[PDB]
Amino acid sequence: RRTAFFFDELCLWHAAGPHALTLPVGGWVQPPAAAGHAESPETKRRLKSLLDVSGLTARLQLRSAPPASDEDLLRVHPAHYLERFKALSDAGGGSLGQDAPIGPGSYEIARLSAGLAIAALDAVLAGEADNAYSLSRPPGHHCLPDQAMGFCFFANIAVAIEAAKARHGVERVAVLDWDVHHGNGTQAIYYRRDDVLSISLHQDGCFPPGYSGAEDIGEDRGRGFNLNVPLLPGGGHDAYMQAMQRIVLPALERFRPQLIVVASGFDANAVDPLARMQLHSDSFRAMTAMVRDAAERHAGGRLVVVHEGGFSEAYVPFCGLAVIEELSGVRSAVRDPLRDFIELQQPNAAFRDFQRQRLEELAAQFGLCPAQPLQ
């Protein structure tokens, strides 16, 4: 298998003002002596470093891309938003919204991030690669057309899809969003559309705070083409496996995607500060295997994974490595040193059963028939 790795060093140079985790410094929040922000470069940089020393980068098709044009961005965002973003970026940065801080030059770098997503879809649709991974920083899946949120400043995946439709005329794209937070940007943009199936697995009520969203299934033309799976906080491997088998795979089976895009955050990992789920690297490996399989049966193998969240410096690299091994069909010598340990922390039988029953009920609410994958 030929996997394109879309990466640019410059995406790692985007940096907001001082923050303690996600809290803007000021008031009662003391400046951290080192850290600086949640959406730091280090988590993505360490993924890249581990890919290099493992020998995996040598086996991928390593690509960059031009930054997203105004044409591409305007399919989603209004000019006055671009202008506001740019002016704030040229004046040294600041706050572009609620939980949306930017640094100097962040406009240009956000454009580059969006271009990588655009290019990754283009490459896979054009037959240049079987699948692709885009290390797109800053992330995209919370961003609304006219409102930056959740450290996202462009709707990377939505911009990529709209560009893909204009260049290739793809008619059915599925977006599976396994970032631990709710993919509200993708949901809102495609909410009344049936050419895009948007599925979000997320921790119930995490971000946006208090939002579950199971009853939000899309409207009119898009009714049934948006699906939220609000998993109970504390869940791990089995919760995600059950969600995949009872909701995701049956939904993709019904939708028959010609392209699958994954909004892949790794903030469901067991040591992430920004959520409470218990995934290990093999959990992300298994989800990728399931989604790759779905792509091989419906979409001619056309799968793109776009990097979204994931805050843990120590553990994100191992989770992201697992995904890329699974996309490329290449297994490195890397051994996840937290794997066995995270196994022992998983929910007990009673808790697993309780989450399983809720997923069964949810699959029934959605009108998903428990069929088996086929071609």
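One rule holds for the numbers: they count along the sequence shown, beginning at 1.
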Decide which of the stretches 248-256 and 146-154 has the higher mean C-alpha B-factor, going by the entry. 146-154
Do the CA atoms of 228-236 or those of 162-170 have the higher mean B-factor in the entry? 162-170
Top Cα B-factor in this entry, restricted to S200, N131, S89, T186, sits on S89
I'd like to know which of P208, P104, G300, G265 has the highest C-alpha temperature factor in the PDB entry. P104
Looking at the temperature factor on the CA atom of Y315, which third of the chain's modelled residues does it land in? lowest
Sorting the chain's modelled residues by C-alpha B-factor and splitting them into thirds places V323 in the lowest
Binned into thirds over the chain's modelled residues, the C-alpha B-factor of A15 lands in the highest
By the record's CA B-factor, is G94 among the lowest, middle or highest third of residues in the chain? highest
Using the B-factors in the PDB entry, rank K48's C-alpha atom against the chain and give the third, lowest, middle or highest. lowest
